[PDB]
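Commentary on secondary and tertiary structure
So you can see what is in the structure, the chains are spelled out below.
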Amino acid sequence: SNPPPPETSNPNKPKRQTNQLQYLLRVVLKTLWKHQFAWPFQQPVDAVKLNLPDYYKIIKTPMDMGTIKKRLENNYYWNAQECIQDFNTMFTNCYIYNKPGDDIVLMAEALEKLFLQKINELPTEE
Ligand SMILES: COC(=O)C[C@H]1CC(=O)N(C)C1
């Protein structure tokens, strides 16, 4: 079976809408989401459908852009660092689970290159 997804709603978690978080949605998430290689990363890994019964034995902090998109659209975060960390967890999980040179790793690398380019120009806080 699959684990429950990461949390995307938590009314008692303090949250903010900031210009950096707006950039993370409007620039970073949108750029990666529309990319031809986004699809494996647009929702939690379905270890049942994909026949990866060891996935959640190895990956204990799952993350995906569907979760990140919901967190941004629901104003789940307090700061940009928390969202940046989610993206990096997603990429790292992919590199940890898979073998070098696998298609999925090349896909992650292409998305990560764009991510790094956009993060390099994260606006200063208002
Ligand atoms: C469509 O799913 C794939 O192509 C590979 C799996 C495993 C992995 O790390 N993912 C992000 C999904």
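All residue numbers given refer to positions from 1 along each chain's written sequence rather than to the entry's numbering, and residues for which no coordinates exist are omitted. Excluding hydrogens and water, the side-chain values take into account all heavy atoms of the structure. Residues with missing side-chain atoms are left out of burial classes, side-chain pairs and their counts.

For this coordinate set, the PDB header names X-ray crystallography as the determination method and states a resolution of 1.30 Å.

So, about the packing of helix α4 (residues 80-97) against helix α5 (residues 103-120). Relative orientation of the contacting elements α4 and α5 amounts to 155 degrees, with a least axis distance of 10 Å. With respect to each other, α4 and α5 are oriented roughly antiparallel. The way α4 lies across α5 gives a crossing that is left-handed. Two secondary-structure elements touch here, α4 through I84, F87, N88, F91, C94 and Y95 and α5 through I104, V105, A108, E109, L111, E112, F115 and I119. Of the residues in the contact of α4 with α5, the class split is 11 nonpolar, one polar and two charged. Between N-to-C directions, angles cover 0 to 180 degrees, with each direction set by a line fitted to C-alpha atoms, over the stretch in contact for helices. Every helix listed is a DSSP run of H or I at least four residues long, and every strand listed is a run of E at least two residues long, numbered separately from the N terminus. Roughly parallel means an angle under 35 degrees; roughly antiparallel means over 145; roughly perpendicular covers 65 to 115; every other angle is labelled oblique. The crossing is said to be left-handed when, going from far helix to near helix, the turn is anticlockwise and less than a right angle, and right-handed when the turn is clockwise. Here, two residues are considered to be in contact whenever any of their heavy atoms come within 4.5 Å of each other. Three classes are used, and their members are as follows: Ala, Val, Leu, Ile, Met, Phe, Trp, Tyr, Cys and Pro are nonpolar, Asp, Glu, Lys and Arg are charged, and the others, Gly among them, are polar.

Before going further, it helps to examine the site of the ligand. Residue proximity to a molecule or strand is established when one non-hydrogen atom of the residue lies within 4 Å of it. Neighbouring the ligand are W39, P40, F41, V45, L50, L52, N98 and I104. In protein, a polar contact means a hydrogen-donor-capable atom and an acceptor-capable atom, both N or O and within 3.5 Å, with residues adjacent in sequence counting only if both atoms are side-chain atoms; elsewhere, any N or O pair within 3.5 Å suffices. Contacts to the ligand include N98, whose side-chain N or O atom sits 2.9 Å from an oxygen atom. The accessible surface values rely on the Shrake-Rupley method and a 1.4 Å probe; as for residues, cover is taken only from the protein chains in view. Burial of the ligand by the protein amounts to 81% of the accessible area it has alone, namely 340 Å². Of all the cavities here, the one that holds the ligand is the largest pocket. As defined here, a cavity is a set of points on a 1 Å grid over the protein atoms alone where a 1.4 Å probe fits but cannot get out. A pocket is an open set with protein on both sides within 12 Å along at least five of seven lines, and residues line them when an atom is within 4 Å of a point. To decide whether a molecule occupies a pocket or cavity, check its atoms: if more than half lie within 2 Å of the grid points, it is inside.

So, on to the layout of surface pockets. Grid points are joined across faces, edges and corners, and a volume is the space filled by probe spheres set on the points. Counted as a void, the largest pocket has a volume near 370 Å³. Lining the largest pocket are 18 residues, with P40, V45, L50, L52 and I104 sitting closest to its centre. At four residues, α4 tops the list of elements feeding residues into the lining of the largest pocket. Among the residues forming the lining of the largest pocket, the class breakdown is 13 nonpolar, three polar and two charged.

Of note, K30 is situated in helix α1 (residues 19-33). With relative accessibility at 39%, the residue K30 sits in the partly exposed group. For the pair formed by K30 and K69, sequence separation is 39 residues and the distance between their alpha carbons is 8.9 Å. Buried, partly exposed and exposed residues are distinguished by accessible area as a fraction of the type maximum, computed with a 1.4 Å probe on protein chains only: under 20%, between the cut-offs, and over 50%, respectively.

With that settled, the discussion passes to α4. The span one expects for a helix is its residue count, reduced by one, times 1.5 Å. The end-to-end C-alpha distance of α4, which contains 18 residues, comes to 26 Å, matching closely the 26 Å that a straight helix rising 1.5 Å per residue would cover. At the N-terminal end of α4, a side-chain oxygen is found 3.0 Å from the backbone nitrogen of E82, two or three residues along, and the residue is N79.

A few words on the packing of aromatic side chains. For this analysis, a ring pair means two rings from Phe, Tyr or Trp (six-membered ring only for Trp) whose centres lie within 6.5 Å, classed as stacked if their planes differ by under 30 degrees, edge-to-face if by over 60, and tilted for the remaining angles. Considering all chains together, one arrives at five aromatic pairs under this definition. Ring centres 5.9 Å apart and planes at 80 degrees place the aromatic pair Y76 and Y77 in the edge-to-face group. An aromatic cluster of at least three residues, connected via ring pairs, comprises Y55, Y56 and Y97. Geometrically, a charge over a ring is one whose NZ (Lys) or CZ (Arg) sits within 6 Å of the ring centre while staying within 35 degrees of the ring normal. One cation-aromatic arrangement involves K13 over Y76; the distance from NZ or CZ to the ring centre is 4.7 Å. The ring of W33 carries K69 above its face, with NZ or CZ at 5.4 Å from the centroid.

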